[PDB]
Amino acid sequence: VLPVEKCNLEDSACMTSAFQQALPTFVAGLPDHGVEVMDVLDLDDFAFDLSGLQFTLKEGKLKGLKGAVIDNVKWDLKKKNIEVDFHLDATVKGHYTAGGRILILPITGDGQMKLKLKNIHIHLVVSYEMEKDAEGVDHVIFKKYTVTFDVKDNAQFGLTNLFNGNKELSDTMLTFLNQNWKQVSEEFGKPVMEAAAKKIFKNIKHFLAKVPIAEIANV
């Protein structure tokens, strides 16, 4: 399993440093807990219709979670809530399509995407409950999460076969995207975020349904 020593759950310095040190092994996958490979992370296909853009990503991938930096862990035992702050440079790949408009430009494209995220900050809030399982050990059972984000340094857009390959229009569109990267991030990033959070919350939840609380915590 995991090469990390035991914390008080509300010792938030120990928890931050334990998350830090446990990450590479966790995101390499643990098949007998619930833990897939989380770098590269396979995202479920999704679709959205937002601010006039119709957007699909198929066989989506997220690379860079191996590389993430844990900023703070705040486990709160009265609230049975956990807050997790981190950041990373990520890449998001996959087969995309594009319909309708982005902001003031019309868009059509069916090809490949490579987004590069530079210093993306995440604020993950998880609520939980303590359950006993079948064999009378308690586990931390995650229930619900909120997530917020913040691409602080930069976002770049690579999109192949825009407007059926027509250079003029593709270049114009990609220049637009790349210049207003931050508005575009705030305008369309939430369902891309949701897509990874849905998988990340799921994987953690699996882990801790499998390991006894008495096993990884101070009682």
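So that there is no doubt, residue numbering starts at 1 and follows the sequence shown.
Between the stretches 83-91 and 129-137, it is 129-137 that shows the larger average CA temperature factor. Stretch comparison (21-29 versus 200-208) by mean CA B-factor in the PDB entry places 21-29 on top. In the PDB entry, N119 places in the middle third of its chain by CA B-factor. Among all modelled residues in its chain, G158 ranks in the lowest third by Cα B-factor. When all modelled residues of the chain are sorted by CA temperature factor, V73 is found within the highest third.
Ranked by C-alpha B-factor against the other modelled residues of its chain, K58 falls in the lowest third.
Ranked within its chain, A98 lands in the middle third, by CA B factor from the PDB record.
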